[PDB]
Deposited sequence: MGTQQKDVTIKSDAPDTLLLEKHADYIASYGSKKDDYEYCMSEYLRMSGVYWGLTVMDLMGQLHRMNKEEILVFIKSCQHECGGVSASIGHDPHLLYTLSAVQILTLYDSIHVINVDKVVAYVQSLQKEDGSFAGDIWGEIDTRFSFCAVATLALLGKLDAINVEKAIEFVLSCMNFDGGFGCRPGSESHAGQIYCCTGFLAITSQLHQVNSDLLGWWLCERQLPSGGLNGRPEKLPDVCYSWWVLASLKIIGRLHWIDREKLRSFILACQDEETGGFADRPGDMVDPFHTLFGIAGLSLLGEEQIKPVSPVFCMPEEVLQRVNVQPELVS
């Protein structure tokens, strides 16, 4: 019932060259939202670079500059921070490793230390804390195994205990939440199915039940929400679709309706995508719009891994391609 209605002058074509221009210029124009989002800069860099690579435009960003920035974000404990002077966290450790993987530049950082850092954050029940202050979230289970998979070091953690924690987070509706007892949400479902793909445990997911819950995310507008009774948001065209793809149920979505919703979220003047038609654009939604379209089979965009949200050609290069359902 809660839905957007798309206006009839909404973009209905993919504006690839504008999106590359928007990203290539981003953080160049003291900008307010730039300044203010410094706490997630490393992930912001990952979003920009990955989308540029999916569009074949990676070369237009600054490799040398980014490698030095990453190197300067690794702390003595081995963890990576969002930006210089900020504190290390598993979120930004994953983003940095994803970036270095895109650039085939992994030994820009100390890999042994990243591994020891991730290892140190695992708790007795198999969960992962995000950092030393102990916040537990299935988001961090995914960051840990995704980081380690990309580095070839999955054996460094207690995998069975990790699987057991994640499965304890599975709910009556087939979905997953942040912690045991937490309500299902597409973002968490993405993290947990991504985790179960990497660790080879997708047979423990009820694909028909979860797939149903996921495809019921699609509203009459064609857009997807993250949980029942919420507004659609273009980034759920990543969280929900990637999960559906991982569990073999991507065809349970109406693909043309979602595609029309994603394209309507483009800003035809500035480029970029907003969370919903007519809102302000940002690089986060630009990546997830474009990545969503790639999952739907868009020819102008490179195939994207539903597990790692990176070009599949990159993961083929490092030989890390989990089997999906």
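- Coordinate coverage of the deposited sequence is interrupted at 1 to 4, 34, 331, where no C-alpha atom was modelled.
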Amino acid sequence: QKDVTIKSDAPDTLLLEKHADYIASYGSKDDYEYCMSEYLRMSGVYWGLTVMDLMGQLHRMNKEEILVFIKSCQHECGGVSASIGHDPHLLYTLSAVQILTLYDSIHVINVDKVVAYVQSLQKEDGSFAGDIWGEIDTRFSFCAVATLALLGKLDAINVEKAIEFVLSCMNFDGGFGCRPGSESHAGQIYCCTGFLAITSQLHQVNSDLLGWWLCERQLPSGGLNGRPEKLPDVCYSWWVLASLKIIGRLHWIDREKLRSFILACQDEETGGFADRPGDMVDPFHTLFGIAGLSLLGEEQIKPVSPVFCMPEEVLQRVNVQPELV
From here on, numbers count along this sequence of modelled residues.
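Take the two forms, superpose them, and find the largest set of C-alpha atoms that agree within 1.5 Å; that set is the rigid core.
- Core superposition of the other structures onto this form places the C-alphas of 230 to 238 farther off in 9 other deposited structures of this protein than those of the other stretch among 230 to 238 and 209 to 217.
- In the record comparison, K29 is unmodelled in at least a third of the other entries of this protein that model the residues flanking it.
- Comparing 170 to 178 with 248 to 256, the higher mean C-alpha B-factor in the PDB entry belongs to 248 to 256.
- Per-stretch averaging of Cα B factors for 16 to 24 and 303 to 311 places 16 to 24 on top.
- Per the PDB record, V108 has a higher Cα B-factor than any other of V108, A116, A162, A242.
- Looking at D208, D104, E216, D131, the one whose CA carries the top B-factor in the deposited record is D104.
- In the PDB entry, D125 places in the middle third of its chain by CA B-factor.
- Residue-level temperature factors show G44 in the lowest third of its chain, judged at the C-alpha atom.
- In the deposited entry, the Cα temperature factor of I84 places it in the highest third of its chain's modelled residues.
- Per the deposited record, the Cα B-factor of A186 falls in the lowest third when ranked against the other modelled residues of its chain.
- Annotation for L154: CA B-factor lies in the middle third of the chain's modelled residues.
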